[PDB]
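Text of the file work-v9.txt, holding compact mmCIF, C-alpha atoms and all ligand atoms:
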# COMPACT_ATOMS: atom_id res chain seq x y z
CA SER V 1 197.31 61.33 232.84
CA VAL V 2 198.44 58.96 230.06
CA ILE V 3 196.39 58.09 226.96
CA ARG V 4 197.42 55.73 224.14
CA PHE V 5 195.92 55.14 220.71
CA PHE V 6 194.92 51.58 219.80
CA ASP V 7 193.71 50.20 216.48
CA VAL V 8 190.30 48.66 217.14
CA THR V 9 189.38 48.13 213.50
CA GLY V 10 186.41 45.80 213.18
CA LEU V 11 185.56 45.75 216.90
CA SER V 12 181.97 46.31 217.97
CA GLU V 13 180.99 48.70 220.74
CA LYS V 14 180.26 45.68 222.92
CA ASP V 15 183.79 44.51 222.11
CA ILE V 16 185.19 47.93 223.05
CA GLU V 17 183.53 47.77 226.46
CA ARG V 18 185.21 44.40 227.06
CA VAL V 19 188.58 46.00 226.25
CA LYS V 20 187.77 48.92 228.58
CA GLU V 21 186.88 46.45 231.33
CA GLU V 22 190.24 44.72 230.83
CA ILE V 23 192.00 48.07 231.24
CA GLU V 24 190.07 48.68 234.47
CA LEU V 25 190.98 45.22 235.85
CA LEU V 26 194.65 46.07 235.27
CA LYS V 27 194.30 49.54 236.83
CA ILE V 28 192.55 48.03 239.86
CA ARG V 29 195.48 45.63 240.32
CA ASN V 30 197.99 48.48 240.13
CA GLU V 31 195.95 50.43 242.71
CA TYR V 32 196.52 47.51 245.07
CA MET V 33 200.20 47.00 244.29
CA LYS V 34 200.95 50.71 244.86
CA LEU V 35 199.99 50.45 248.54
CA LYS V 36 203.40 49.00 249.44
CA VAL H 1 189.22 52.68 213.08
CA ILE H 2 191.26 54.02 216.01
CA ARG H 3 190.09 54.61 219.58
CA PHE H 4 192.10 56.16 222.37
CA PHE H 5 191.98 54.76 225.90
CA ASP H 6 193.28 56.10 229.21
CA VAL H 7 196.06 53.74 230.30
CA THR H 8 197.40 55.73 233.25
CA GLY H 9 199.75 53.61 235.33
CA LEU H 10 199.55 50.54 233.07
CA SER H 11 202.92 48.81 232.76
CA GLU H 12 204.46 47.67 229.49
CA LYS H 13 203.16 44.14 230.06
CA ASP H 14 199.73 45.53 231.02
CA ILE H 15 199.54 47.28 227.63
CA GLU H 16 200.51 44.00 225.97
CA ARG H 17 197.54 42.25 227.58
CA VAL H 18 195.20 44.96 226.26
CA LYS H 19 196.64 44.60 222.75
CA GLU H 20 196.17 40.82 222.91
CA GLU H 21 192.57 41.13 224.06
CA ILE H 22 191.92 43.42 221.09
CA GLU H 23 193.55 40.85 218.77
CA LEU H 24 191.40 38.04 220.20
CA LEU H 25 188.26 40.04 219.44
CA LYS H 26 189.40 40.81 215.88
CA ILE H 27 190.10 37.13 215.21
CA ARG H 28 186.68 36.16 216.57
CA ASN H 29 185.20 38.56 214.02
CA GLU H 30 187.39 37.34 211.14
CA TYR H 31 186.45 33.81 212.19
CA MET H 32 182.82 34.90 211.97
CA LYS H 33 183.60 36.33 208.51
CA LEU H 34 185.14 33.05 207.33
CA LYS H 35 181.78 31.70 208.54
CA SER I 1 188.15 27.43 248.70
CA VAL I 2 185.84 27.05 245.69
CA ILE I 3 187.14 24.97 242.78
CA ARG I 4 185.36 24.66 239.44
CA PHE I 5 186.07 22.81 236.21
CA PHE I 6 186.21 24.45 232.79
CA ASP I 7 186.39 22.76 229.42
CA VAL I 8 189.70 23.96 227.96
CA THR I 9 189.87 21.71 224.90
CA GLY I 10 192.58 22.73 222.47
CA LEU I 11 194.06 25.38 224.79
CA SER I 12 197.84 25.52 225.07
CA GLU I 13 199.54 25.89 228.44
CA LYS I 14 200.07 29.56 227.58
CA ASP I 15 196.34 30.03 226.91
CA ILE I 16 195.69 28.35 230.27
CA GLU I 17 198.08 30.81 231.92
CA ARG I 18 196.05 33.66 230.41
CA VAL I 19 192.86 32.19 231.92
CA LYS I 20 194.51 31.90 235.37
CA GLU I 21 195.65 35.53 235.09
CA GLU I 22 192.09 36.62 234.24
CA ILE I 23 190.81 34.78 237.33
CA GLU I 24 193.51 36.51 239.42
CA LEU I 25 192.44 39.94 238.15
CA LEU I 26 188.80 39.15 238.94
CA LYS I 27 189.71 38.09 242.49
CA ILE I 28 191.70 41.32 242.97
CA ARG I 29 188.68 43.37 241.88
CA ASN I 30 186.62 41.64 244.60
CA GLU I 31 189.34 42.35 247.18
CA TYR I 32 189.54 45.99 246.07
CA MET I 33 185.79 46.38 246.65
CA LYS I 34 186.49 45.62 250.32
CA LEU I 35 189.05 48.48 250.14
CA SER R 1 187.90 16.96 225.17
CA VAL R 2 189.89 18.27 228.16
CA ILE R 3 188.77 19.86 231.42
CA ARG R 4 190.88 21.62 234.02
CA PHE R 5 190.18 22.72 237.58
CA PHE R 6 190.64 26.34 238.71
CA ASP R 7 190.22 27.98 242.09
CA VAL R 8 187.52 30.61 241.62
CA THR R 9 186.99 31.50 245.27
CA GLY R 10 184.92 34.64 245.61
CA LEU R 11 184.02 35.05 241.94
CA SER R 12 180.44 35.98 241.19
CA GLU R 13 178.36 34.17 238.60
CA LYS R 14 179.04 37.02 236.19
CA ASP R 15 182.78 36.85 236.98
CA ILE R 16 182.71 33.14 236.09
CA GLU R 17 180.98 34.04 232.81
CA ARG R 18 183.81 36.43 231.93
CA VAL R 19 186.31 33.58 232.41
CA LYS R 20 184.25 31.25 230.21
CA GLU R 21 184.13 33.95 227.52
CA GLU R 22 187.92 34.29 227.61
CA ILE R 23 188.28 30.52 227.19
CA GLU R 24 185.91 30.64 224.22
CA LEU R 25 187.84 33.54 222.61
CA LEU R 26 191.00 31.47 222.98
CA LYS R 27 189.27 28.40 221.52
CA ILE R 28 187.97 30.48 218.58
CA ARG R 29 191.48 31.74 217.87
CA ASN R 30 192.74 28.17 217.58
CA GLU R 31 189.75 27.18 215.41
CA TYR R 32 190.67 30.10 213.13
CA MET R 33 194.38 29.31 212.87
CA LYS R 34 193.29 25.81 211.80
CL CL V 101 189.30 56.45 228.00
Rendering of file as structure tokens:
Amino acid sequence: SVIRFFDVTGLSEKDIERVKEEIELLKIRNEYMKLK
Amino acid sequence: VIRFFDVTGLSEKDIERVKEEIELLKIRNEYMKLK
Amino acid sequence: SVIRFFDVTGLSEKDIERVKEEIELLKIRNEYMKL
Amino acid sequence: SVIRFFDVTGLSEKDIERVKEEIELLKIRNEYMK
């Protein structure tokens, strides 16, 4: 897989989860685009 | 403070969106700190 | 189709574009649930 | 103030809340730059 470091200085754990959910939204889109 | 995230398959523009979301959250917190 | 209004006061066209993109991602997630 | 209309077909209530939060983050950024 591929893992990247991000600077999340000052972000709360609730903020982190919002960032994680944004990553998942993008991955879900790519899982649809890859079908064709 | 540095976290790693799995970004498998994310394009270059996808990574940009993630970086911008992070920035938006930092600014909200600096804007809370300039209360 | 379902159309809703949002207060977007002070948002630039580029901020609006970011909102539209977020809506698009949310719709895709609902499609993906159907598989 | 300014409102705009968006097609949100299929979005759940919680989905709509995520959109509203993104708007508010964008508004806060502008309130900070000013
Ligand atoms: Cl991860």
At a cut-off of 8 Å around ligand CL 101 (chain V), and using only C-alpha atoms and all ligand atoms, what residues come up? Please write them as a list in words.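 For ligand CL 101 (chain V), the residues inside 8 Å are residues 3 and 20 of chain V; 4, 5, 6 and 7 of chain H.
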Counting all atoms listed in the file, which residues from chain H have an atom at most 12 Å from any atom of chain I, and could you show them as an MDAnalysis selection string? chainID H and resid 14 17:18 20:21 24
Leaving out residue H:25 and any residue of its chain fewer than 5 positions from it, which residues lie within 8 Å of it when counting only C-alpha atoms, given as a PyMOL selection string? (chain V and resi 11+15) or (chain R and resi 25)
How would the residues just picked look written out with C-alpha atoms as a compact mmCIF listing (two decimals), keeping the file's coordinate frame?
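Now in again03.txt:
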# COMPACT_ATOMS: atom_id res chain seq x y z
CA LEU V 11 185.56 45.75 216.90
CA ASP V 15 183.79 44.51 222.11
CA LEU R 25 187.84 33.54 222.61
Would you tabulate, counting only C-alpha atoms, all residues of chain V that have an atom at most 7 Å from an atom of chain H, showing the closest pair of atoms and their distance in Å to one decimal, sorted by chain then ascending number, as CSV?
residue,atom,partner,partner_atom,distance
V:1,CA,H:8,CA,5.6
V:2,CA,H:8,CA,4.7
V:3,CA,H:6,CA,4.3
V:4,CA,H:4,CA,5.6
V:5,CA,H:4,CA,4.3
V:6,CA,H:3,CA,5.7
V:7,CA,H:2,CA,4.6
V:8,CA,H:2,CA,5.6
V:9,CA,H:1,CA,4.6
V:10,CA,H:26,CA,6.4
V:11,CA,H:26,CA,6.3
V:15,CA,H:25,CA,6.9
V:19,CA,H:21,CA,6.7
V:22,CA,H:18,CA,6.7
V:23,CA,H:18,CA,6.7
V:26,CA,H:14,CA,6.6
V:27,CA,H:10,CA,6.5
Could you list, as a VMD selection string, every residue of chain V that has an atom within 7 Å of an atom of chain I, counting all atoms listed in the file? chain V and resid 25 28 to 29
Check the smallest atom-to-atom distance from each of V:24, V:13, V:30, V:18 to residue R:21 using all atoms listed in the file, then report the winner.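 Among V:24, V:13, V:30, V:18, it is V:18 that comes nearest to residue R:21.
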Residues of chain R that approach chain H to 10 Å or less, counting only C-alpha atoms: could you list each one with the shortest pair of atoms and its distance in Å to one decimal, rows by chain and increasing residue number, as a Markdown table?
| residue | atom | partner | partner_atom | distance |
| --- | --- | --- | --- | --- |
| R:22 | CA | H:21 | CA | 9.0 |
| R:24 | CA | H:28 | CA | 9.5 |
| R:25 | CA | H:24 | CA | 6.2 |
| R:26 | CA | H:24 | CA | 7.1 |
| R:27 | CA | H:28 | CA | 9.6 |
| R:28 | CA | H:28 | CA | 6.2 |
| R:29 | CA | H:27 | CA | 6.2 |
| R:30 | CA | H:27 | CA | 9.6 |
| R:31 | CA | H:31 | CA | 8.1 |
| R:32 | CA | H:31 | CA | 5.7 |
| R:33 | CA | H:31 | CA | 9.1 |
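Taking atom CA of residue R:4 as the reference point, atom CA of residue I:9 is found at 9.2 Å.
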How many Å separate atom CA of residue R:1 from atom CA of residue I:15?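 Computing it gives 15.7 Å between the two atoms.
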Chain R residues within 6 Å of chain I, counting all atoms listed in the file: which ones, as a ChimeraX atom specification? /R:1-9
Since we have the selection now, will you write its residues out, keeping C-alpha atoms, as a PDB file, in the coordinates of the input?
ATOM      1  CA  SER R   1     187.900  16.960 225.170  1.00  0.00           C
ATOM      2  CA  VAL R   2     189.890  18.270 228.160  1.00  0.00           C
ATOM      3  CA  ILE R   3     188.770  19.860 231.420  1.00  0.00           C
ATOM      4  CA  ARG R   4     190.880  21.620 234.020  1.00  0.00           C
ATOM      5  CA  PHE R   5     190.180  22.720 237.580  1.00  0.00           C
ATOM      6  CA  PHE R   6     190.640  26.340 238.710  1.00  0.00           C
ATOM      7  CA  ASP R   7     190.220  27.980 242.090  1.00  0.00           C
ATOM      8  CA  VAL R   8     187.520  30.610 241.620  1.00  0.00           C
ATOM      9  CA  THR R   9     186.990  31.500 245.270  1.00  0.00           C
TER      10      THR R   9
END
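Separating atom CA of residue I:14 from atom CA of residue R:14 is a distance of 23.9 Å.
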How would stretch 2-36 of chain V look with N, CA and C atoms restored, written as a PDB file, in the coordinates of the input?
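Listing of out_38.pdb after writing:
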ATOM      1  N   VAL V   2     197.803  59.582 231.212  1.00  0.00           N
ATOM      2  CA  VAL V   2     198.440  58.960 230.060  1.00  0.00           C
ATOM      3  C   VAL V   2     197.379  58.276 229.209  1.00  0.00           C
ATOM      4  N   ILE V   3     197.369  58.593 227.919  1.00  0.00           N
ATOM      5  CA  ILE V   3     196.390  58.090 226.960  1.00  0.00           C
ATOM      6  C   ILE V   3     197.154  57.565 225.747  1.00  0.00           C
ATOM      7  N   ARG V   4     196.733  56.407 225.237  1.00  0.00           N
ATOM      8  CA  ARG V   4     197.420  55.730 224.140  1.00  0.00           C
ATOM      9  C   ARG V   4     196.399  55.383 223.070  1.00  0.00           C
ATOM     10  N   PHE V   5     196.794  55.509 221.809  1.00  0.00           N
ATOM     11  CA  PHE V   5     195.920  55.140 220.710  1.00  0.00           C
ATOM     12  C   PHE V   5     196.082  53.658 220.399  1.00  0.00           C
ATOM     13  N   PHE V   6     194.955  52.982 220.193  1.00  0.00           N
ATOM     14  CA  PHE V   6     194.920  51.580 219.800  1.00  0.00           C
ATOM     15  C   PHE V   6     194.104  51.461 218.531  1.00  0.00           C
ATOM     16  N   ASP V   7     194.473  50.499 217.690  1.00  0.00           N
ATOM     17  CA  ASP V   7     193.710  50.200 216.480  1.00  0.00           C
ATOM     18  C   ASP V   7     192.659  49.157 216.836  1.00  0.00           C
ATOM     19  N   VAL V   8     191.394  49.555 216.768  1.00  0.00           N
ATOM     20  CA  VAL V   8     190.300  48.660 217.140  1.00  0.00           C
ATOM     21  C   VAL V   8     189.469  48.366 215.906  1.00  0.00           C
ATOM     22  N   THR V   9     190.106  48.351 214.738  1.00  0.00           N
ATOM     23  CA  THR V   9     189.380  48.130 213.500  1.00  0.00           C
ATOM     24  C   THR V   9     188.561  46.845 213.582  1.00  0.00           C
ATOM     25  N   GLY V  10     187.286  46.944 213.208  1.00  0.00           N
ATOM     26  CA  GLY V  10     186.410  45.800 213.180  1.00  0.00           C
ATOM     27  C   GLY V  10     185.722  45.469 214.483  1.00  0.00           C
ATOM     28  N   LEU V  11     186.137  46.069 215.598  1.00  0.00           N
ATOM     29  CA  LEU V  11     185.560  45.750 216.900  1.00  0.00           C
ATOM     30  C   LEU V  11     184.225  46.458 217.087  1.00  0.00           C
ATOM     31  N   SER V  12     183.263  45.731 217.650  1.00  0.00           N
ATOM     32  CA  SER V  12     181.970  46.310 217.970  1.00  0.00           C
ATOM     33  C   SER V  12     182.041  47.099 219.272  1.00  0.00           C
ATOM     34  N   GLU V  13     181.022  47.932 219.500  1.00  0.00           N
ATOM     35  CA  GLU V  13     180.990  48.700 220.740  1.00  0.00           C
ATOM     36  C   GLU V  13     180.913  47.790 221.955  1.00  0.00           C
ATOM     37  N   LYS V  14     180.243  46.643 221.831  1.00  0.00           N
ATOM     38  CA  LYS V  14     180.260  45.680 222.920  1.00  0.00           C
ATOM     39  C   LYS V  14     181.657  45.094 223.109  1.00  0.00           C
ATOM     40  N   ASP V  15     182.399  44.919 222.010  1.00  0.00           N
ATOM     41  CA  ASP V  15     183.790  44.510 222.110  1.00  0.00           C
ATOM     42  C   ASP V  15     184.628  45.571 222.810  1.00  0.00           C
ATOM     43  N   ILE V  16     184.436  46.841 222.434  1.00  0.00           N
ATOM     44  CA  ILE V  16     185.190  47.930 223.050  1.00  0.00           C
ATOM     45  C   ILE V  16     185.010  47.917 224.563  1.00  0.00           C
ATOM     46  N   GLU V  17     183.771  47.772 225.022  1.00  0.00           N
ATOM     47  CA  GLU V  17     183.530  47.770 226.460  1.00  0.00           C
ATOM     48  C   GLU V  17     184.269  46.630 227.141  1.00  0.00           C
ATOM     49  N   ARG V  18     184.422  45.484 226.468  1.00  0.00           N
ATOM     50  CA  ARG V  18     185.210  44.400 227.060  1.00  0.00           C
ATOM     51  C   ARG V  18     186.669  44.800 227.184  1.00  0.00           C
ATOM     52  N   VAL V  19     187.201  45.504 226.181  1.00  0.00           N
ATOM     53  CA  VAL V  19     188.580  46.000 226.250  1.00  0.00           C
ATOM     54  C   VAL V  19     188.724  47.005 227.387  1.00  0.00           C
ATOM     55  N   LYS V  20     187.803  47.976 227.462  1.00  0.00           N
ATOM     56  CA  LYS V  20     187.770  48.920 228.580  1.00  0.00           C
ATOM     57  C   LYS V  20     187.733  48.197 229.927  1.00  0.00           C
ATOM     58  N   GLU V  21     186.934  47.131 230.046  1.00  0.00           N
ATOM     59  CA  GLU V  21     186.880  46.450 231.330  1.00  0.00           C
ATOM     60  C   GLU V  21     188.208  45.762 231.642  1.00  0.00           C
ATOM     61  N   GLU V  22     188.924  45.303 230.605  1.00  0.00           N
ATOM     62  CA  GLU V  22     190.240  44.720 230.830  1.00  0.00           C
ATOM     63  C   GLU V  22     191.215  45.776 231.342  1.00  0.00           C
ATOM     64  N   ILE V  23     191.177  46.970 230.752  1.00  0.00           N
ATOM     65  CA  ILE V  23     192.000  48.070 231.240  1.00  0.00           C
ATOM     66  C   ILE V  23     191.712  48.347 232.709  1.00  0.00           C
ATOM     67  N   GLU V  24     190.427  48.396 233.083  1.00  0.00           N
ATOM     68  CA  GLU V  24     190.070  48.680 234.470  1.00  0.00           C
ATOM     69  C   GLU V  24     190.553  47.582 235.426  1.00  0.00           C
ATOM     70  N   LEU V  25     190.459  46.309 235.021  1.00  0.00           N
ATOM     71  CA  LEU V  25     190.980  45.220 235.850  1.00  0.00           C
ATOM     72  C   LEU V  25     192.466  45.419 236.125  1.00  0.00           C
ATOM     73  N   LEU V  26     193.220  45.813 235.103  1.00  0.00           N
ATOM     74  CA  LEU V  26     194.650  46.070 235.270  1.00  0.00           C
ATOM     75  C   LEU V  26     194.899  47.278 236.171  1.00  0.00           C
ATOM     76  N   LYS V  27     194.130  48.359 235.982  1.00  0.00           N
ATOM     77  CA  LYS V  27     194.300  49.540 236.830  1.00  0.00           C
ATOM     78  C   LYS V  27     193.957  49.226 238.280  1.00  0.00           C
ATOM     79  N   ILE V  28     192.917  48.420 238.502  1.00  0.00           N
ATOM     80  CA  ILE V  28     192.550  48.030 239.860  1.00  0.00           C
ATOM     81  C   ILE V  28     193.694  47.262 240.515  1.00  0.00           C
ATOM     82  N   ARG V  29     194.334  46.352 239.770  1.00  0.00           N
ATOM     83  CA  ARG V  29     195.480  45.630 240.320  1.00  0.00           C
ATOM     84  C   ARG V  29     196.605  46.582 240.690  1.00  0.00           C
ATOM     85  N   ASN V  30     196.912  47.550 239.815  1.00  0.00           N
ATOM     86  CA  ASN V  30     197.990  48.480 240.130  1.00  0.00           C
ATOM     87  C   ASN V  30     197.655  49.339 241.337  1.00  0.00           C
ATOM     88  N   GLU V  31     196.369  49.677 241.528  1.00  0.00           N
ATOM     89  CA  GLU V  31     195.950  50.430 242.710  1.00  0.00           C
ATOM     90  C   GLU V  31     196.158  49.639 243.986  1.00  0.00           C
ATOM     91  N   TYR V  32     196.197  48.310 243.898  1.00  0.00           N
ATOM     92  CA  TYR V  32     196.520  47.510 245.070  1.00  0.00           C
ATOM     93  C   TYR V  32     198.023  47.379 245.253  1.00  0.00           C
ATOM     94  N   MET V  33     198.758  47.166 244.161  1.00  0.00           N
ATOM     95  CA  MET V  33     200.200  47.000 244.290  1.00  0.00           C
ATOM     96  C   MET V  33     200.888  48.272 244.780  1.00  0.00           C
ATOM     97  N   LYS V  34     200.312  49.448 244.494  1.00  0.00           N
ATOM     98  CA  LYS V  34     200.950  50.710 244.860  1.00  0.00           C
ATOM     99  C   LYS V  34     200.938  50.963 246.354  1.00  0.00           C
ATOM    100  N   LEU V  35     200.145  50.201 247.112  1.00  0.00           N
ATOM    101  CA  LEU V  35     199.990  50.450 248.540  1.00  0.00           C
ATOM    102  C   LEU V  35     201.272  50.189 249.310  1.00  0.00           C
ATOM    103  N   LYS V  36     202.137  49.320 248.791  1.00  0.00           N
ATOM    104  CA  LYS V  36     203.400  49.000 249.440  1.00  0.00           C
ATOM    105  C   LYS V  36     204.557  49.013 248.455  1.00  0.00           C
TER     106      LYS V  36
END
